[PDB]
Amino acid sequence: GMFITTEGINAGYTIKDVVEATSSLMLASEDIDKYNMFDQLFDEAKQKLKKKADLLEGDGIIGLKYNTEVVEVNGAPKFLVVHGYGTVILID
Amino acid sequence: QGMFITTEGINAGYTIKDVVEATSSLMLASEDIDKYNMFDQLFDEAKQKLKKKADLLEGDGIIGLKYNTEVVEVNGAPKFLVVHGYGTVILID
Amino acid sequence: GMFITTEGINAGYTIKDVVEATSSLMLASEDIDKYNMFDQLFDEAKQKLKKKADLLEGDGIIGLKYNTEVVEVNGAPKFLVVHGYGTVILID
Amino acid sequence: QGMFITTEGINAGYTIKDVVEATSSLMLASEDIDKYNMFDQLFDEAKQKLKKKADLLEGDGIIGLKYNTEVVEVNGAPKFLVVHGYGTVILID
Amino acid sequence: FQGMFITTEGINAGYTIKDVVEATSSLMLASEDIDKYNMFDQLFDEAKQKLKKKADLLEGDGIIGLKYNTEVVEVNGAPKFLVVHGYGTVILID
């Protein structure tokens, strides 16, 4: 139960660290149109980032951004990759 | 669907419900490999998906919207156009 | 004569909508090194975005970002693609 | 071109001249397909182009800088490294 | 020098801007490791250390406005290089 946001917050905080997480999956040959499968990778990336924020003893993560790639092998999409990153903060 | 969305933050009091994401895509016909205006549809669809998620979380709108885009190639031709939209769902006060 | 910016503005406004535009061109075989040809696509993307801002009855666009792709056909760059997007606002 | 540039905004009074963009690129030799440190010079070139455009618009500097990057492949090898830089040219007060 | 702050967003505090800085880091995948996108973790760390060292050479206190670009570079129809670019604005407080 730890907060996450794309932008900053108007409140007093100190900065613990910037954290990053990558998650990925492999597509079946028949599923090369299934870009909806990115949904689970964003949620996995967030949970990895939140766990890292909790290990740093922060209250949450500001400044979240995502990078995405669709990686091709032998002229077909084969991997979907999300990178998430943000700044872990502690309020006051 | 009457719910606000913005690329940046807002100077107002809010609480943060959650960050939400949506992906939309389409498959190009062989003759339409030059039709990058077809991304318009996908940005619209991504926003609708995001707004629906904001409404299920019982927020007033979405701040901090960004889009990632890909043109995915199959056997040396563009075949899919993909938009990912994401942002922070907030509740005012 | 309508303003556009990458960041927000410290002033009172209401939000009309987020708008997006895509611009693209096809490279000749001999022009696969000509990445300066993105310049005109950025300008076209802005003009499309401004047009949309004016249709929504806003004063300008905050939060502008651009995505870019170089799309390959048969192992050569063939299309240059810009996506522009931002938030249309009305001052006060 | 002793002229300021930043990724974020500034807490100060300004007016907005325009948004500006610059692209810079280079071609890799076959033996240099692992040399991604060669992006270094392209970022610098992109900044120089953006600053020169800011100076033509008679601004004091550039806020909101972002970069897009691509590694463009020809016949299944990286051949071009491409940087796009863009930002908002401002004038203080 | 070692312990220097870095953040994705700005800070609500008084500062002057030294310069914008950039770093790139990369690695080459083995054929058997074309699924190993976890290996980006290293590259983000390396990119940050390069950026911090540039901030320290400019005599700043830290880096605001950090962003990362990423690419997965293919050679002969397989992923061969993972590339991170990091960039941000080096500042000095007061």
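Please refer to the structure placed before this passage.
Residues numbered from 1 in each chain as written, not as in the entry; some residues may be left out. Chains lettered and ligands numbered in written order. Heavy atoms only, no water. Residues with missing side-chain atoms left out of burial classes, pairs and counts.

Draft legend 1. Broad picture of the overall build of chain B. Counting secondary structure elements, chain B contains 1 helix and 4 strands. In chain B, the succession of helices and strands from N to C terminus is β-β-α-β-β. Scaling as 2.2 N^0.38, a compact globule of 93 residues should have a C-alpha radius of gyration of about 12 Å, whereas chain B reaches 16 Å, well beyond that. The dimensions of chain B, computed from C-alpha atoms along their principal axes, are 50 × 20 × 20 Å. Of all intrachain contacts in chain B linking residues separated by at least 6 positions in sequence, the fraction that spans at least 24 positions is 75%. (Helix = DSSP H or I, 4+ residues; strand = E, 2+ residues; numbered from the N terminus. Rg over C-alpha atoms; globule rule 2.2 N^0.38 Å. Contact = heavy atoms within 4.5 Å.)

Draft legend 2. Molecular detail of the pairing of strand β3 (residues 60-72) of chain A. All names here are of chain A. Counting buried residues in β3 gives 13 out of 13 residues, a clear majority hidden from the surface. Pairing of strand β1 (residues 3-4) with β3, which is carried by 2 bridges, proceeds in the parallel orientation. The residue bridging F3 from the neighbouring strand is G60, located in β3. Taken together, the 11 bridges between β3 and strand β4 (residues 77-91) define a ladder with antiparallel strand orientation. Paired with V70 across the two strands is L80, which belongs to β4. Taking the residues between adjacent antiparallel strands as the criterion, β3 and β4 are bridged by 4 residues, where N74 takes a positive phi near 50°. (Buried < 20%, exposed > 50% of the residue type's maximum accessible area, 1.4 Å probe, protein only. Pairing = 2+ DSSP bridges.)

Draft legend 3. Just the sheet that holds strand β2 (residues 13-26) of chain C, in detail. Read across the open sheet, the 4 strands follow the order β1-β3-β4-β2 (chain C); overall the sheet is mixed. The strands lining the two open edges of the sheet, one partner per strand, are β1 (3-4) and β2 of chain C. With 12 bridges joining them, strand β3 (residues 60-73) of chain C and strand β4 (residues 76-91) of chain C adopt antiparallel strand pairing. Pairing of C:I61 across the sheet is with C:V88, part of β4(C). Relative to β2(C), helix α1 (residues 39-56) of chain B is tilted by about 150°, and along the sheet it contacts β2, β3 and β4 of chain C. (Axes fitted to C-alpha atoms, helices over the stretch in contact; angles between N-to-C directions.)

Draft legend 4. Geometry of the interface of chain B and chain A. Counting from both sides, the interface comprises 24 residues of chain B and, opposite them, 25 residues of chain A. The interface formed by chain B and chain A includes 2 salt bridges. Measuring nitrogen to oxygen at the nearest pair gives 2.9 Å for the salt bridge that ties A:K46 to B:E21. Where chain B packs against chain A, one counts 12 residue pairs in polar contact. (Salt bridge = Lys/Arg side-chain N within 4 Å of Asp/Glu carboxyl O. Polar contact = N/O pair within 3.5 Å; in protein donor to acceptor, adjacent residues only side chain to side chain.)

Draft legend 5. Geometry of the sheet that holds β4(A). If you walk across this open sheet you meet the 4 strands as β1-β3-β4-β2 (chain A), and the pairing is mixed. Two strands lie at the open edges of the sheet, namely β1 and β2 (13-26) of chain A, each paired on one side alone. Running at roughly 150° to β2(A), helix α1 (residues 40-57) of chain E makes contact with β2, β3 and β4 of chain A of the sheet.

Draft legend 6. Structural context of the environment of C:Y85. Within the secondary structure, C:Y85 is located in strand β4. Assessed through its relative accessible area of 2%, C:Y85 is described here as buried. Linking C:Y85 and C:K65, residues 20 residues apart in sequence, is a C-alpha distance of 5.7 Å. In terms of polar contacts, C:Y85 uses its side chain to reach the backbone amide nitrogen of B:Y67, at 3.0 Å.

Draft legend 7. Highlighting the side chain of C:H83. Secondary-structure assignment places C:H83 in strand β4. There is a polar contact of 2.8 Å between the side chain of C:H83 and the side chain of C:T22. Ignoring anything within four residues of it in the chain, the contact list for C:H83 reads B:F39, B:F43, B:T69, C:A21, C:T22, C:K65, C:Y66, C:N67 and C:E69.

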